[PDB]
Amino acid sequence: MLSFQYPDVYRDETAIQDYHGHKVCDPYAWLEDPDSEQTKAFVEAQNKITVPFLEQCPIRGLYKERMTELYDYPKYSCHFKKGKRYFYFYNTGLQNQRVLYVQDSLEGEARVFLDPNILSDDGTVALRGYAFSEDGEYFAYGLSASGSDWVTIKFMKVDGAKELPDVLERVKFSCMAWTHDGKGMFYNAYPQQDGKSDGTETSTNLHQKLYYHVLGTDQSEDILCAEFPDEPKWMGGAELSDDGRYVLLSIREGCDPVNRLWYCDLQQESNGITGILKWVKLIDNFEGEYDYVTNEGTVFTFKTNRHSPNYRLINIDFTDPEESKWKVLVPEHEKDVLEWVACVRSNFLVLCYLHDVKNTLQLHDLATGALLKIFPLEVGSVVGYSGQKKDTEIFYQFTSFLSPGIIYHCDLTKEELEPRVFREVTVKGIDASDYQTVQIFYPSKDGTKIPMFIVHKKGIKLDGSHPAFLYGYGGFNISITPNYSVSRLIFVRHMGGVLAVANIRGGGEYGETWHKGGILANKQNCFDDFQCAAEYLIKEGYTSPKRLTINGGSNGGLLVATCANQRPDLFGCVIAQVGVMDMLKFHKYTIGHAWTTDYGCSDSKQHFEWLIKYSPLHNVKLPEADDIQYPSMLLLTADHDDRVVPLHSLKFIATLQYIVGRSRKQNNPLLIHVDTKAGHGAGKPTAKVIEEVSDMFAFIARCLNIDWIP
């Protein structure tokens, strides 16, 4: 099947580094430079063999046609009110970017407010963050180009959608919050740096600061309100309390769910915002997470995990701040994770829980924390919500593996609350009744029971004849909950496949203890859990090794790449998207320094010893047995992925091709596709999304020789 030859790639055999006595050769270190002629030539040569392989067979075209037809359905976000107007995002179906609409009332005619599609020919300029002024009359929005994390903040007067001159540059990983006097907005920016800042550079991002922009002025006049010169990795995000009196600064260092919480009583400022604010360091450590919900005078309600791995609600009174004085408003649940909490209609709280990887929604009283109402939902996820303190209604969006979703609305002014369906779209061509979603719990190596969702056609025989697509992430306290994917359903319907999602450790499915169970010294638990998910699917008859594909992105790309090295005999195909492959150098680039909380950092001998055992780049090895080769592998990345710099995938594919690809027994392809004008994934235009899934499924189809079922 390999009618092509792997590109010749220079090996710098002098690139040797000592890691606590352990010598490590990095012959493809030169691929770390995205701008060199050598790296550019490498990328071109790789794409030259991958593209024809993916497009050779009719399958890619069949899949693309079907995806284009099925993904073409009206897509709405739930409504949200700002000032006296309602807003919502909407995509007629195949627009590259969804469009923001505005209407003066729910029954009123809607009009285009912000259409990102007209900002580029190919839909590569996307909205990335936004914030309306408290009165809803002004609007700030971030724009990212080519998928980069870099943002340019622009402004508009809402009435008439008038463009304002204000433009803020050097913005990345920024919060946006307007002071309630309507004078300006807080945001974050990084200092000037040598080289490019367009998403193609690998430069580490340090010294992020907090600024205040006065509307109607030049960015050069912005006020520096907080900075951490002796702590280059700290990032301070600002938000205003609901009453507009306090600026709450959440300081983060790394990716753990913990933050310092400082506050500034704006009324106490000597003469408005003129410099470094008079910060009161309420919580001055990284021992716990404190997420602002609302306040009533000096009594602040926070969602926290302080000595509560499943999260809970506490009230901290700024006038009697000692921990011994905090009140527990809504105690922690024994197993269910309190995901998020919102305050609406002054004294109501909307609590969203995660029960065995499915969302539940409840209304509670702010004063006592008592449960008032349960908003009924089918098995799935809450992916959208609106309703701030001054609002008197809520909107919430539900989705699942089989349904595109339902948007509900509830008028909270009514004495007898009655939630109603507000918007529900049906996708023609896919009959949800033909499929089934089951949740099972399988034992991992150490006996821990891991949840896994399996989606398949009703009535299939568990004879191991079906191709399967097993997905996982496993890290950063992220819970992988039910979501609607047309691309995956096409695999089920048109490729006769079985979909599976394993809720492995490292995630947040069972709180912080679940997260800790898949990080640092225990990172191997993630890989074991995932390998055991595969073993379960095989032993139970859903699939067989030769018919099994595993997929993951970012931390999930690391997951599947490691599994390929560790158990090549278990998988037929592996698709790793924008994955972290060099675990010894990840911290050196862009925002990679933040991931050390989940992975550790190679500067430590103890951490190095963990990392070296699973780092994909450092564990490529020909299988011992003569009848075992590596699975077919496809790595997907893009040239503007400044979240996980592409060098990770470049170095990994070079290594796979050299160590494994050259072996005579290796007949399964080991390929990479590097896209242009794209990044980590957020904001990717519809056209690119369609091309990507078409590539993924064509690779699977060709490698496993699966017949398309029309």
# chains A, B, ... in the order shown; residues from 1 in each chain; ligands from 1
$ residues_around --residues "residue A:537" --least-positions-apart "5" --cutoff "9 Å" --atoms "only C-alpha atoms" --output "list in words"
residues 464, 468, 500, 532, 542, 543 and 544 of chain A
$ write_last_selection --atoms "N, CA, C and O atoms" --output "tab-separated table (two decimals), in the first residue's frame"
chain	number	residue	atom	x	y	z
A	464	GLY	N	-16.83	-9.13	17.20
A	464	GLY	CA	-15.54	-8.53	16.94
A	464	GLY	C	-15.25	-8.13	15.50
A	464	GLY	O	-14.13	-7.76	15.17
A	468	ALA	N	-13.82	0.11	15.09
A	468	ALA	CA	-14.15	0.96	16.22
A	468	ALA	C	-13.25	2.20	16.26
A	468	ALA	O	-12.12	2.17	15.79
A	500	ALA	N	-16.43	4.91	20.77
A	500	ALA	CA	-16.21	4.72	22.20
A	500	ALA	C	-15.40	5.89	22.75
A	500	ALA	O	-14.50	6.39	22.08
A	532	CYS	N	-6.62	-0.39	28.54
A	532	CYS	CA	-7.62	-1.29	29.09
A	532	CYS	C	-9.00	-1.07	28.46
A	532	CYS	O	-9.81	-1.99	28.37
A	542	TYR	N	-16.82	-5.98	20.56
A	542	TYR	CA	-17.20	-4.81	19.78
A	542	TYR	C	-16.29	-4.65	18.57
A	542	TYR	O	-16.74	-4.22	17.50
A	543	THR	N	-15.04	-5.05	18.72
A	543	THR	CA	-14.06	-4.89	17.65
A	543	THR	C	-12.91	-5.89	17.84
A	543	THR	O	-13.00	-6.79	18.68
A	544	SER	N	-11.85	-5.72	17.05
A	544	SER	CA	-10.66	-6.56	17.11
A	544	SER	C	-9.50	-5.59	16.90
A	544	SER	O	-9.68	-4.55	16.27
$ residues_around --residues "residue A:105" --least-positions-apart "5" --cutoff "10 Å" --atoms "only C-alpha atoms" --output "PyMOL selection string"
chain A and resi 81+84-87+110
$ closest_atom_pairs --of "stretch 191-276 of chain A" --to "stretch 26-50 of chain A" --cutoff "12 Å" --atoms "only C-alpha atoms" --output "JSON lines"
{"residue": "A:195", "atom": "CA", "partner": "A:35", "partner_atom": "CA", "distance": 10.7}
{"residue": "A:196", "atom": "CA", "partner": "A:35", "partner_atom": "CA", "distance": 10.3}
{"residue": "A:199", "atom": "CA", "partner": "A:34", "partner_atom": "CA", "distance": 10.6}
{"residue": "A:200", "atom": "CA", "partner": "A:34", "partner_atom": "CA", "distance": 6.9}
{"residue": "A:201", "atom": "CA", "partner": "A:34", "partner_atom": "CA", "distance": 7.1}
{"residue": "A:202", "atom": "CA", "partner": "A:34", "partner_atom": "CA", "distance": 8.0}
{"residue": "A:203", "atom": "CA", "partner": "A:33", "partner_atom": "CA", "distance": 10.6}
$ residues_around --residues "residue A:681" --least-positions-apart "3" --cutoff "10 Å" --atoms "only C-alpha atoms" --output "PyMOL selection string"
chain A and resi 146-149+553-554+577-578+637-638+640-641+643+678+684-685+688-689
$ atom_distance --atom1 "atom CA of residue A:291" --atom2 "atom CA of residue A:131"
18.3 Å
$ residues_around --residues "residue A:160" --least-positions-apart "5" --cutoff "12 Å" --atoms "only C-alpha atoms" --output "list in words"
residues 102, 103, 104, 111, 112, 113, 114, 137, 138 and 139 of chain A
$ write_last_selection --atoms "N, CA and C atoms" --output "mmCIF file, in the first residue's frame"
data_model
loop_
_atom_site.group_PDB
_atom_site.id
_atom_site.type_symbol
_atom_site.label_atom_id
_atom_site.label_comp_id
_atom_site.auth_asym_id
_atom_site.auth_seq_id
_atom_site.Cartn_x
_atom_site.Cartn_y
_atom_site.Cartn_z
ATOM 1 N N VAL A 102 -28.274 40.124 16.769
ATOM 2 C CA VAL A 102 -28.842 40.946 17.820
ATOM 3 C C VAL A 102 -30.306 41.227 17.506
ATOM 4 N N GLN A 103 -31.113 41.318 18.555
ATOM 5 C CA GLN A 103 -32.527 41.642 18.409
ATOM 6 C C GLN A 103 -32.930 42.460 19.622
ATOM 7 N N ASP A 104 -33.824 43.414 19.416
ATOM 8 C CA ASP A 104 -34.277 44.299 20.478
ATOM 9 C C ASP A 104 -35.271 43.674 21.460
ATOM 10 N N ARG A 111 -30.931 40.854 13.509
ATOM 11 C CA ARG A 111 -30.063 41.393 12.477
ATOM 12 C C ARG A 111 -28.618 41.024 12.786
ATOM 13 N N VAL A 112 -27.793 40.998 11.753
ATOM 14 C CA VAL A 112 -26.386 40.672 11.917
ATOM 15 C C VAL A 112 -25.711 41.751 12.758
ATOM 16 N N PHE A 113 -24.978 41.312 13.775
ATOM 17 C CA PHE A 113 -24.253 42.228 14.642
ATOM 18 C C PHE A 113 -22.759 42.151 14.330
ATOM 19 N N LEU A 114 -22.207 40.938 14.322
ATOM 20 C CA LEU A 114 -20.789 40.737 13.998
ATOM 21 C C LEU A 114 -20.666 39.485 13.137
ATOM 22 N N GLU A 137 -24.112 48.649 26.036
ATOM 23 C CA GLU A 137 -24.047 49.592 24.925
ATOM 24 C C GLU A 137 -22.728 49.581 24.160
ATOM 25 N N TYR A 138 -21.697 48.959 24.731
ATOM 26 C CA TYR A 138 -20.395 48.882 24.070
ATOM 27 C C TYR A 138 -19.937 47.441 24.050
ATOM 28 N N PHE A 139 -19.119 47.114 23.063
ATOM 29 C CA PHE A 139 -18.683 45.739 22.859
ATOM 30 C C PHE A 139 -17.220 45.620 22.477
#
$ select_by_dssp --residues "stretch 371-558 of chain A" --states "alpha helix (DSSP H)" --output "PyMOL selection string"
chain A and resi 486-495+511-516+523-539+555-558
$ residues_around --residues "residue A:632" --least-positions-apart "3" --cutoff "7 Å" --atoms "only C-alpha atoms" --output "number ranges by chain"
A: 572-574, 668-670, 703
$ write_last_selection --atoms "C-alpha atoms" --output "PDB file, in the first residue's frame"
ATOM      1  CA  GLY A 572      -4.792  -0.982  13.809  1.00  0.00           C
ATOM      2  CA  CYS A 573      -4.792   2.769  13.336  1.00  0.00           C
ATOM      3  CA  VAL A 574      -3.772   5.815  15.374  1.00  0.00           C
ATOM      4  CA  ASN A 668       1.564   0.272   7.776  1.00  0.00           C
ATOM      5  CA  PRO A 669       2.049   3.959   6.815  1.00  0.00           C
ATOM      6  CA  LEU A 670       3.434   6.506   9.323  1.00  0.00           C
ATOM      7  CA  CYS A 703      -5.668   1.419   6.134  1.00  0.00           C
TER       8      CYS A 703
END
$ closest_residue --among "A:490, A:519, A:99, A:706" --to "residue A:71" --atoms "only C-alpha atoms"
A:490
$ closest_residue --among "A:428, A:539, A:505, A:523" --to "residue A:600" --atoms "only C-alpha atoms"
A:523
$ closest_residue --among "A:398, A:59, A:596, A:93" --to "residue A:705" --atoms "only C-alpha atoms"
A:59
$ select_by_dssp --residues "stretch 407-623 of chain A" --states "strand (DSSP E or B)" --output "short mmCIF file (atom, residue, chain, number, x, y, z; two decimals) with N, CA, C and O atoms, in the first residue's frame"
data_model
loop_
_atom_site.label_atom_id
_atom_site.label_comp_id
_atom_site.auth_asym_id
_atom_site.auth_seq_id
_atom_site.Cartn_x
_atom_site.Cartn_y
_atom_site.Cartn_z
N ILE A 407 -32.20 23.87 23.02
CA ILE A 407 -31.98 25.08 23.79
C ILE A 407 -33.27 25.31 24.56
O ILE A 407 -34.34 25.35 23.97
N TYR A 408 -33.15 25.40 25.89
CA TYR A 408 -34.29 25.63 26.76
C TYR A 408 -34.28 27.05 27.28
O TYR A 408 -33.25 27.71 27.28
N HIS A 409 -35.43 27.50 27.75
CA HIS A 409 -35.59 28.85 28.30
C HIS A 409 -36.51 28.76 29.51
O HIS A 409 -37.44 27.95 29.53
N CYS A 410 -36.23 29.56 30.53
CA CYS A 410 -37.08 29.57 31.71
C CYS A 410 -37.17 30.97 32.27
O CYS A 410 -36.16 31.62 32.54
N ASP A 411 -38.40 31.47 32.33
CA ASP A 411 -38.67 32.79 32.87
C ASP A 411 -38.71 32.61 34.39
O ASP A 411 -39.64 32.02 34.94
N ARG A 420 -39.12 25.63 29.11
CA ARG A 420 -39.71 25.27 27.83
C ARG A 420 -38.64 25.18 26.74
O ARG A 420 -37.58 25.80 26.84
N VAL A 421 -38.92 24.36 25.73
CA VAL A 421 -38.01 24.21 24.60
C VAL A 421 -38.08 25.51 23.81
O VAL A 421 -39.15 25.97 23.44
N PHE A 422 -36.92 26.12 23.61
CA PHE A 422 -36.82 27.38 22.88
C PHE A 422 -36.39 27.18 21.43
O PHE A 422 -36.90 27.84 20.53
N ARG A 423 -35.43 26.28 21.22
CA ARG A 423 -34.93 26.01 19.88
C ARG A 423 -34.45 24.57 19.81
O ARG A 423 -33.77 24.10 20.71
N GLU A 424 -34.83 23.86 18.76
CA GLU A 424 -34.44 22.47 18.56
C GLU A 424 -34.35 22.20 17.06
O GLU A 424 -35.33 22.38 16.34
N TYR A 435 -29.70 4.22 16.61
CA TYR A 435 -28.52 4.03 17.44
C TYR A 435 -28.76 3.90 18.92
O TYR A 435 -29.84 4.24 19.42
N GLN A 436 -27.72 3.49 19.63
CA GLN A 436 -27.79 3.28 21.05
C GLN A 436 -26.51 3.75 21.74
O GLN A 436 -25.41 3.56 21.21
N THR A 437 -26.67 4.38 22.90
CA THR A 437 -25.55 4.85 23.69
C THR A 437 -25.62 4.15 25.04
O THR A 437 -26.64 4.22 25.72
N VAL A 438 -24.57 3.41 25.38
CA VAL A 438 -24.51 2.72 26.66
C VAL A 438 -23.26 3.16 27.40
O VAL A 438 -22.26 3.54 26.79
N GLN A 439 -23.35 3.18 28.72
CA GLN A 439 -22.22 3.52 29.56
C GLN A 439 -21.87 2.28 30.37
O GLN A 439 -22.75 1.63 30.94
N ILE A 440 -20.60 1.91 30.34
CA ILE A 440 -20.14 0.76 31.10
C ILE A 440 -18.95 1.22 31.93
O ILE A 440 -18.45 2.32 31.73
N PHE A 441 -18.55 0.39 32.88
CA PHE A 441 -17.41 0.68 33.74
C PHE A 441 -16.49 -0.52 33.65
O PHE A 441 -16.89 -1.64 33.96
N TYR A 442 -15.29 -0.30 33.13
CA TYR A 442 -14.33 -1.38 32.97
C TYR A 442 -13.17 -1.25 33.95
O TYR A 442 -12.78 -0.15 34.33
N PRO A 443 -12.62 -2.38 34.39
CA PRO A 443 -11.50 -2.32 35.32
C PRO A 443 -10.17 -2.06 34.61
O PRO A 443 -9.90 -2.62 33.55
N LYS A 449 -12.28 1.21 38.41
CA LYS A 449 -13.35 1.15 37.42
C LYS A 449 -13.39 2.46 36.65
O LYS A 449 -13.49 3.54 37.23
N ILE A 450 -13.27 2.35 35.33
CA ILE A 450 -13.25 3.51 34.44
C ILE A 450 -14.52 3.58 33.60
O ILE A 450 -14.96 2.56 33.06
N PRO A 451 -15.16 4.75 33.52
CA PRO A 451 -16.37 4.84 32.70
C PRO A 451 -16.00 4.91 31.22
O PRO A 451 -14.94 5.45 30.85
N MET A 452 -16.88 4.39 30.38
CA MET A 452 -16.72 4.45 28.95
C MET A 452 -18.09 4.46 28.28
O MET A 452 -18.98 3.72 28.69
N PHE A 453 -18.29 5.41 27.37
CA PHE A 453 -19.52 5.50 26.60
C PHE A 453 -19.26 4.75 25.30
O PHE A 453 -18.18 4.85 24.72
N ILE A 454 -20.24 3.98 24.85
CA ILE A 454 -20.12 3.26 23.59
C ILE A 454 -21.38 3.59 22.79
O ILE A 454 -22.49 3.46 23.29
N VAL A 455 -21.20 4.04 21.55
CA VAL A 455 -22.31 4.40 20.68
C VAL A 455 -22.25 3.49 19.46
O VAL A 455 -21.21 3.39 18.80
N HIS A 456 -23.35 2.82 19.15
CA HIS A 456 -23.39 1.91 18.02
C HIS A 456 -24.81 1.69 17.51
O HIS A 456 -25.78 2.03 18.18
N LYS A 457 -24.90 1.06 16.35
CA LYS A 457 -26.18 0.74 15.73
C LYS A 457 -26.86 -0.33 16.57
O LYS A 457 -26.20 -1.24 17.09
N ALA A 468 -13.82 0.11 15.09
CA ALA A 468 -14.15 0.96 16.22
C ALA A 468 -13.25 2.20 16.26
O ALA A 468 -12.12 2.17 15.79
N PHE A 469 -13.79 3.27 16.82
CA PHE A 469 -13.07 4.54 16.96
C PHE A 469 -13.14 4.87 18.45
O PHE A 469 -14.19 5.20 18.97
N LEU A 470 -12.00 4.71 19.13
CA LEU A 470 -11.88 4.94 20.58
C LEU A 470 -11.14 6.25 20.84
O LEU A 470 -9.97 6.41 20.48
N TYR A 471 -11.83 7.15 21.53
CA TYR A 471 -11.32 8.48 21.84
C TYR A 471 -11.05 8.67 23.33
O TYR A 471 -11.77 8.15 24.17
N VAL A 498 -18.19 1.50 15.44
CA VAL A 498 -18.58 1.62 16.84
C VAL A 498 -17.75 2.76 17.42
O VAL A 498 -16.54 2.82 17.21
N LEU A 499 -18.40 3.70 18.09
CA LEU A 499 -17.72 4.82 18.71
C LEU A 499 -17.57 4.54 20.20
O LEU A 499 -18.48 4.02 20.84
N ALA A 500 -16.43 4.91 20.77
CA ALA A 500 -16.21 4.72 22.20
C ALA A 500 -15.40 5.89 22.75
O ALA A 500 -14.50 6.39 22.08
N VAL A 501 -15.77 6.35 23.94
CA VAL A 501 -15.08 7.44 24.62
C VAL A 501 -14.78 6.94 26.03
O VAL A 501 -15.70 6.62 26.77
N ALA A 502 -13.50 6.86 26.39
CA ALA A 502 -13.09 6.37 27.70
C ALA A 502 -12.74 7.53 28.62
O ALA A 502 -11.87 8.35 28.30
N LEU A 548 -9.37 -1.65 15.13
CA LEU A 548 -9.44 -0.57 16.09
C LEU A 548 -8.59 0.67 15.81
O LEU A 548 -7.39 0.57 15.59
N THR A 549 -9.25 1.83 15.82
CA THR A 549 -8.58 3.11 15.66
C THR A 549 -8.68 3.88 16.97
O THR A 549 -9.73 3.86 17.62
N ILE A 550 -7.58 4.49 17.39
CA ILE A 550 -7.59 5.34 18.58
C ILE A 550 -7.27 6.76 18.13
O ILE A 550 -6.49 6.98 17.18
N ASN A 551 -7.91 7.72 18.79
CA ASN A 551 -7.75 9.13 18.46
C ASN A 551 -7.76 9.99 19.71
O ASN A 551 -8.41 9.67 20.71
N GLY A 552 -6.98 11.07 19.65
CA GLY A 552 -6.91 12.03 20.73
C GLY A 552 -6.23 13.27 20.20
O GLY A 552 -5.48 13.20 19.22
N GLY A 553 -6.45 14.41 20.84
CA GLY A 553 -5.81 15.64 20.43
C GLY A 553 -5.16 16.37 21.59
O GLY A 553 -5.69 16.35 22.71
N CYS A 573 -5.00 1.42 13.83
CA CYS A 573 -4.79 2.77 13.34
C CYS A 573 -4.77 3.76 14.49
O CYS A 573 -5.49 3.60 15.48
N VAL A 574 -3.93 4.78 14.36
CA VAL A 574 -3.77 5.81 15.37
C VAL A 574 -3.75 7.18 14.70
O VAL A 574 -3.00 7.40 13.75
N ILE A 575 -4.62 8.07 15.15
CA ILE A 575 -4.65 9.43 14.62
C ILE A 575 -4.40 10.35 15.80
O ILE A 575 -5.23 10.46 16.70
N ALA A 576 -3.23 10.97 15.82
CA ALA A 576 -2.86 11.89 16.89
C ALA A 576 -2.90 13.32 16.37
O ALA A 576 -2.12 13.71 15.49
N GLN A 577 -3.81 14.11 16.93
CA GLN A 577 -3.96 15.49 16.53
C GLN A 577 -3.25 16.45 17.47
O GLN A 577 -3.34 16.30 18.69
#
$ closest_residue --among "A:429, A:272, A:182, A:387" --to "residue A:342" --atoms "only C-alpha atoms"
A:387
$ atom_distance --atom1 "atom CA of residue A:545" --atom2 "atom CA of residue A:527"
16.6 Å
$ residues_around --residues "residue A:656" --least-positions-apart "3" --cutoff "10 Å" --atoms "only C-alpha atoms" --output "ChimeraX atom specification"
/A:565,616-617,619-622,630,633,651-653,659-662,670-671
$ atom_distance --atom1 "atom CA of residue A:695" --atom2 "atom CA of residue A:628"
25.8 Å
$ residues_around --residues "residue A:51" --least-positions-apart "4" --cutoff "12 Å" --atoms "only C-alpha atoms" --output "PyMOL selection string"
chain A and resi 4+43-47+55-57+60+634+636+671-675+691-692+694-696+698-699
$ closest_residue --among "A:314, A:349, A:258, A:175" --to "residue A:389" --atoms "only C-alpha atoms"
A:349
